[PDB]
Amino acid sequence: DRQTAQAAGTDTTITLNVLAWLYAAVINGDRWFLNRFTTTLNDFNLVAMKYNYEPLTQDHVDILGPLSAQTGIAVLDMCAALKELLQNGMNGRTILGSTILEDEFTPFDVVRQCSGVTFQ
């Protein structure tokens, strides 16, 4: 049988967890995609929905707050960096010991003392 095909596998991607994963990538080192252009939450949400990514809200932005403190990258610049990745890709590169990116990773993990000597 083929219950919830695409609708529960490819129609959406957990944007908050991708932003969390990209903060972990910045923390590990990789930040070539990390522009400083900023973005509105509305235009970010529109680009997310254009490319099968969920919209984001202030309650979800707050979860990324301590990751912005640990890296100096404001959440709207992490949003703007993902907004660039959604339009340009990364398949010819590596970012976290892989050629692709993730949304499976649980959020709020990188609030720890991951300052450079260790990460997990």
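Thresholds, definitions, all that
- Residues numbered from 1 in each chain as written, not as in the entry; some residues may be left out.
- Heavy atoms only, no water.
- Helix = DSSP H or I, 4+ residues; strand = E, 2+ residues; numbered from the N terminus.
- Buried < 20%, exposed > 50% of the residue type's maximum accessible area, 1.4 Å probe, protein only.
- Core = buried A, V, L, I, M, F, W, Y, C linked by side-chain atoms within 4.5 Å.
- Contact = heavy atoms within 4.5 Å.
- Salt bridge = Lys/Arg side-chain N within 4 Å of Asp/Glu carboxyl O.
- Polar contact = N/O pair within 3.5 Å; in protein donor to acceptor, adjacent residues only side chain to side chain.
- Axes fitted to C-alpha atoms, helices over the stretch in contact; angles between N-to-C directions.
- Parallel < 35°, antiparallel > 145°, perpendicular 65-115°, else oblique.
- Nonpolar A, V, L, I, M, F, W, Y, C, P; charged D, E, K, R; others polar.

Solution NMR is the method the PDB entry states for this structure.

Undergrad: In this structure, what is going on with unusual backbone geometry? I would like to understand it.
TA: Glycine aside, negative phi is the norm for most residues, and most peptide bonds take the trans geometry. The backbone of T4 sits at a positive phi, close to 45 degrees, despite the residue not being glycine. Note that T4 resides in the segment before α1 (15-28). Phi is positive for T38, close to 60 degrees, though the residue is something other than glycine. For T38, a relative accessible area of 47% puts it in the partly exposed group.

Undergrad: Could you clarify how one ought to interpret the nonpolar core in this entry?
TA: One broad rule of soluble globular proteins: the nonpolar side chains tend to lie buried together. Among the nonpolar cores identified, the biggest contains 33 residues, and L19, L22, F33, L64, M78 and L82 are the most heavily contacted of them. Mapped by element, the contributors of at least two residues to this core are α1, α2 (41-50), α3 (58-71) and α4 (75-88). For this core, the element with the highest residue contribution is α1, accounting for eleven residues. Apart from the residues within four sequence positions on either side, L82 is in contact with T15, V18, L19, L22, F44 and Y53.

Undergrad: Explain the pattern of salt bridges to me, please; I cannot follow it from the model alone.
TA: Throughout the structure, instances matching the rule amount to two salt bridges. Residues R112 and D109 are paired through a salt bridge, measuring 2.7 Å at the closest nitrogen-oxygen approach. Taking relative accessible area as the criterion, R112 reaches 33% and is therefore assigned partly exposed. With a relative accessible area of 39%, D109 lands in the partly exposed category.

Undergrad: Before we go on, may I ask you to explain the environment of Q3 in this structure?
TA: With respect to the secondary-structure elements, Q3 resides in the segment before α1. Its relative accessible area of 63% is what places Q3 among the exposed residues. Within the local environment of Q3, its side chain forms a polar contact with the side chain of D1, the two groups lying 2.8 Å apart.

Undergrad: Sorry if this is basic, but what is going on with the side chain of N45 here?
TA: As for its position among the elements, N45 is in helix α2. Residue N45 is classed as buried on the basis of its relative accessible area of 13%. If we ignore the near neighbours within four places in the chain, the residues touching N45 are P55 and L56.

Undergrad: I'm lost on the packing of α1 against α3 in this one. Help?
TA: Axes are the key here: two packed helices are described by the angle between their axes and the distance separating the axes. The N-to-C vectors of α1 and α3 enclose an angle of 5 degrees; their axes lie 10 Å apart at closest approach. Taken together, α1 and α3 sit at an angle that is classed as roughly parallel. Side by side, α1 and α3 meet where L16, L19, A20, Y23, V26 and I27 of the first sit next to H60, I63, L64, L67, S68 and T71 of the second. The residue makeup of the contact of α1 with α3, split by class, is nine nonpolar, three polar and no charged.

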